[PDB]
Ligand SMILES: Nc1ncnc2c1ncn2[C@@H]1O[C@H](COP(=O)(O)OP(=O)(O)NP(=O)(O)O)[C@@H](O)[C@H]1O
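Next up: a single chain in C-alpha cells, the form deposited without the named molecule.
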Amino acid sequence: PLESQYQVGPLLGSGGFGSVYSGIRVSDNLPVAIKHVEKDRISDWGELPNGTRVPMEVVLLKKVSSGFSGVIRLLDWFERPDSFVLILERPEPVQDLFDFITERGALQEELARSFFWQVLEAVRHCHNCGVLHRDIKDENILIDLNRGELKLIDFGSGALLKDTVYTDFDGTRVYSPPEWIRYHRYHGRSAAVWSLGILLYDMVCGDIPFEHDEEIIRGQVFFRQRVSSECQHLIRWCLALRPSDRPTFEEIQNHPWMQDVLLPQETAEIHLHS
C-alpha cells in the first residue's frame, strides 16, 4: 500500500529513465531507490507470467532478479493511474561510473580491468536471462564503494534478447554501433560488444572516443592517453566496423589484457581507499 511502506527521501536524479528518489523501507530501514515512470513516456510494454500489462523495464528486471549482485535488483513495483513506481536496491555509499571518471580522470588499468570484468559478468548474466540491456554506459553503472562491486542499472531501453535483427533503438547514440547509424539494423550481442568497447575506452581515456556519426562510421580509434598495447588491441577489436569481426564475450574475457583481474574487495582496498 505504498506510502506506509517507504519513507521517501531526496531526488537522486532524473532523465530519459524517469525520476529516482532516495528512500528507506520502513519495515527494516533498508536503503531503496524509488523510480517513477509516466505511462505516457513508456516506449514499449510487456508481459507478466500472470499476464498483466507492465512496462518492459519491469519485465526485464524480474527476468534478471536473483542473488547475483552485478545487476540492480527490483524489490517491488506499484501501478498508479498515470505512472508505475519501481522499488530498487540502493547501495550506500554508492557513486556512478560517470561521476567517478569525472572526479578521478582516466582510470589506472588495474582498476579499469576489475571494473570492466565485472561489467562483462553482469551483461553475460543479462543475456543468460534472455535480457538485452541496450544502454551500457558509464551513467548506467553504479559502484558500491564499500565492496568494490559494480551494478548495471536502467533497463528502460532494453529488450528481450533475440537472435534476429533489431530495427529499433533508443539507448545512447554515442554508444551505438556503425550498423545502427548507417542501416538502422543491429544484432544484440555484437551491438553490446561495441558499446563495451566505447565504455572501456571511456574508462582508460577518461572520455568517449566518438562524438559524431561520421566518427562512429569511420571507426578510427585515437588514444589521447597512454594506454597499453594490449588494452588498445582489445578496444579496437570490440570496435571493429563489421559486427561479425567483433570478439565474443568469451574472446573478450580470454583476452590477455583481461588476465589476473582483482577481486572486487581487493579493488576497493586499493583503489577506493576502503
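Here, rigid core means the biggest group of C-alpha atoms that superpose within 1.5 Å across both forms. Shifts are known only where both forms have a C-alpha. Throughout, we count residues from 1 along the sequence that is shown.
Same protein, other form: the form deposited with the named molecule bound, not shown, and the subject of what follows.
Enquirer: Answer with open or blocked: the shown chain lacks the ligand, so superimpose the named molecule from its arrangement in the deposited complex and check for 3 or more ligand atoms within 2.4 Å of backbone or C-beta atoms.
Expert: After superposition, the named molecule runs into the main chain and C-betas, so blocked.
Enquirer: Non-hydrogen atoms within 4.5 angstroms of the named molecule in the deposited complex: do 166, 239 and 243 all have one?
Expert: Per the other structure, none of 166, 239 and 243 touch the named molecule.
Enquirer: Counting only non-hydrogen atoms, choose the one of 189-197, 148-156, 108-116, 176-184 that falls within 4.5 Å of the named molecule in the deposited complex.
Expert: Going through the listed ranges, the match is 148-156.
Enquirer: Heavy atoms within 4.5 Å of the named molecule in the deposited complex: does residue 261 have any?
Expert: No.
Enquirer: Can residue 121 be called a contact residue for the named molecule in the deposited complex at 4.5 Å between heavy atoms?
Expert: It does not: once the named molecule is placed as it appears in the deposited complex, residue 121 has no heavy atom within 4.5 Å of it.
Enquirer: Given that the named molecule is not shown alongside this chain, does residue 76 nevertheless sit within 4.5 Å of it in the deposited complex, heavy atom to heavy atom?
Expert: Residue 76 lies outside the contact set for the named molecule.
Enquirer: Is there a heavy atom of residue 14 lying 4.5 Å or less from a heavy atom of the named molecule in the deposited complex?
Expert: Yes, residue 14 sits close enough to the named molecule in the deposited complex that at least one of its heavy atoms falls within 4.5 Å.
Enquirer: Could you pull out the residues of 124-145 that have any heavy atom within 4.5 Å of the named molecule in the deposited complex?
Expert: 135, 137, 139, 140, 142 sit within 4.5 Å of the partner.
Enquirer: Looking only at residues in both forms, which consecutive runs of at least three have C-alphas displaced 2 Å or more between this form and the one not shown after fitting the rigid core?
Expert: Once the cores are aligned, run 1-4 is the only one whose C-alphas move by at least 2 Å.
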